[PDB]
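In structure tokens, the next block holds one chain alone, the form deposited in one PDB entry.
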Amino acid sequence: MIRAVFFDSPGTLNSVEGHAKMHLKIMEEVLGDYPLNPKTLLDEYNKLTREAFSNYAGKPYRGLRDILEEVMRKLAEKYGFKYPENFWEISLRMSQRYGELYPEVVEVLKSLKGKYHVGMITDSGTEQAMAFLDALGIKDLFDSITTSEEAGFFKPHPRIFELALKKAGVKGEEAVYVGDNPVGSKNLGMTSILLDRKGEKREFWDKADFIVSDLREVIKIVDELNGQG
């Protein structure tokens, strides 16, 4: 039976509303008075980060800060502005100010806790993951927190899922994974629930076992899988 529910963090938990304008403001802070359109810088940054994230999926862990600093070094060299030595801190300030959970998250996590193992699985480094959970006040809502840094590899490499299952003491067939962007979990027998809040991730629909738009649907799926629907 299903004894554990794992959440893809931060994707299933943290709102992305307004993030494009937040990232535009980061680029404005990088540039200052430099005569480059911040939207042009943002678009080029997003191209390079897309490339990097595609490259690193399934590969050994590398720190995000190192990756993003490399991207910014390349862009500063390309466009002629001074490399922002504090780019990471500029970005972190933005994420601290505007981090915000989706409105149903806390009650869903509390509804599952104690009845099922409630786990978090993330590609974030461990320090970043813990700081995220603490900033949003939900660290104690998880029974396990499993990172790419601990496993050694980024999703969708199976090691991170194997480690999460071992921490919980459950088999894959006893677990659900709620995912935001599953390029993985099913290699280990886990049941996959894709969270698609806007009904826009059709490239992931067909491999998912279930698709939901709101995490309150997760409870109802787990109940059904356990014969209590």
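All residue numbers are counted from 1 along the displayed sequence. Under this definition, the rigid core comprises the largest set of C-alpha atoms superposing within 1.5 Å between the forms.
If you look for the form deposited in another entry, you will not find it shown, but the lines that follow are about it.
No residue of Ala131, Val118, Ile90, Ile138 other than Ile90 has its CA displaced by 2 Å or more between this form and the one not shown when the core is superposed. Relative to the superposed core, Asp33 shifts its CA atom by 2 Å or more between this form and the one not shown. The Cα shift for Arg216 between this form and the one not shown, taken after rigid core superposition, is smaller than 2 angstroms.
The two forms, fitted on the rigid core, differ between this form and the one not shown by less than 2 Å at the CA of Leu68.
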